[PDB]
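A single chain, nothing else alongside it, follows as structure tokens in the form deposited in one PDB entry.
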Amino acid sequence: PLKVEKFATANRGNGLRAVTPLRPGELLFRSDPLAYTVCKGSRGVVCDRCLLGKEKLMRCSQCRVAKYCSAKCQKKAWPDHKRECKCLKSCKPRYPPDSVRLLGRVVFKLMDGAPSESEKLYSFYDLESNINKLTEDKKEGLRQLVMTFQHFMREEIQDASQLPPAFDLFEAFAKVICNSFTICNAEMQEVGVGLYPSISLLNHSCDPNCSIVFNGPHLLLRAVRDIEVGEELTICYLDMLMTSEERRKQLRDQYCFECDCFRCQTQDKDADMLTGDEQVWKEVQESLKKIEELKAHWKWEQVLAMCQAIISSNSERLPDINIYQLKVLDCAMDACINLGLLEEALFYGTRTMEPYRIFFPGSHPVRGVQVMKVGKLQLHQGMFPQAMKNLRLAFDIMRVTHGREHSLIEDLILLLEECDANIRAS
């Protein structure tokens, strides 16, 4: 018995609404992807199948592009990799855009696979394309993706009889652009891109009543507020650390809509997000383009070097509540954790705690993860009362956003028991 149902909204296309009253933390839907792939930066760093990082990965011998954590993952991935393998090998050394590799997997799944549970409420065929809202520049970009797909897939798909009935590649890429999900690992690093057509029914809010979280490729949809019968379910499509102007640009560019929510009408939190000297944070925002690229490719030493030059600059500095400063602290923290620089990681992480309380109101999985990271760093440094407070706060958030079905909650329970045993021996 589903707790959610598809419906036709008055002015947002189709949507999802509650069939029963919902409480924070309630699991509403869970889904594997219709199709997914590792993303550009994480290719060869994480396993193609389970999206977990490993010090050494085994490569597919035929294409040498797909890489796996284990013989189990390589073999289990073979049915969904078999046809793309010949295309990837034929295209070497050229690697396709993520969207092109993704749509290849969509096509093979729809041609060769049984009907997917991911499409229970809504299918790839049903997805919004927004084609009549596309500007000419966007249509041109989609045409180039179509031609890139035809080149990449030529070994496996030569004509329309090898595509699903009435399949239009331009329309398919339009759907991919507006309906791709960024798959994040347990630490909230972007590691993949996938299509989850039933989850695509969720419309956007900058102050949503639901949240999604990834456990490998698996997606969990949970309520994060009380929700009444008939009430529309929403998620936030975007990073919370964005001004209303930034959200406006991305929602127009990628999703072809103008957001009418209260936060956008009132520029909610914009002024607090942009405190400090504008010339300074404009420079930091510029530097973050490279920092974000380095982080996406797991280049932690390079990330840390650039972040330290900002955090410890000889020149003017920013308040930690400035969102570009905050992003630099976040990246520096994550780099230090991955490099084993645990004292420095804790310094940066502790500084983010109050800004995160302000910018992630309610129960948000990203703040849950951040607080867990800080609590774990404090546990390792022997600060048991401080660690316990943060681990308990992380649990209060993550019991709602992640839940028992997410493996990170089991990890958190072990940290809480270890911290508690230390306190009791003191």
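From 1 onward, residues are counted along the sequence shown.
Not pictured, yet referred to below: the form deposited with a small molecule bound.
S.K.: Just to be sure I understand the contacts: of 380, 43, 59, 389, which is the one whose heavy atoms reach within 4.5 angstroms of the small molecule in the entry with it bound?
M.R.: Selected residue: 380.
S.K.: Here the chain is shown alone; which of 270, 187, 155, 207 has a heavy atom within 4.5 Å of the small molecule in the entry with it bound?
M.R.: Selected residue: 187.
S.K.: Taking heavy atoms and a 4.5 Å cut-off, does residue 65 contact the small molecule in the entry with it bound?
M.R.: Residue 65: no, not in contact with the small molecule in the entry with it bound.
S.K.: Determine whether any heavy atom of residue 227 comes within 4.5 Å of a heavy atom of the small molecule in the entry with it bound, and answer yes or no.
M.R.: Outside the cut-off, so no.
S.K.: Verify the contact flag for residue 22: yes if a non-hydrogen atom of it lies within 4.5 Å of a non-hydrogen atom of the small molecule in the entry with it bound, no if not.
M.R.: Judged by the heavy-atom cut-off of 4.5 Å, residue 22 is well away from the small molecule in the entry with it bound.
S.K.: Since only the chain is shown here, I'm wondering whether residue 411 would be in contact with the small molecule in the entry with it bound (any heavy atom pair within 4.5 Å).
M.R.: Yes.
S.K.: Candidate spot 337, 369 and 376, all three in 4.5 Å heavy atom range of the small molecule in the entry with it bound?
M.R.: Yes: each residue has a heavy atom within 4.5 Å of the partner.
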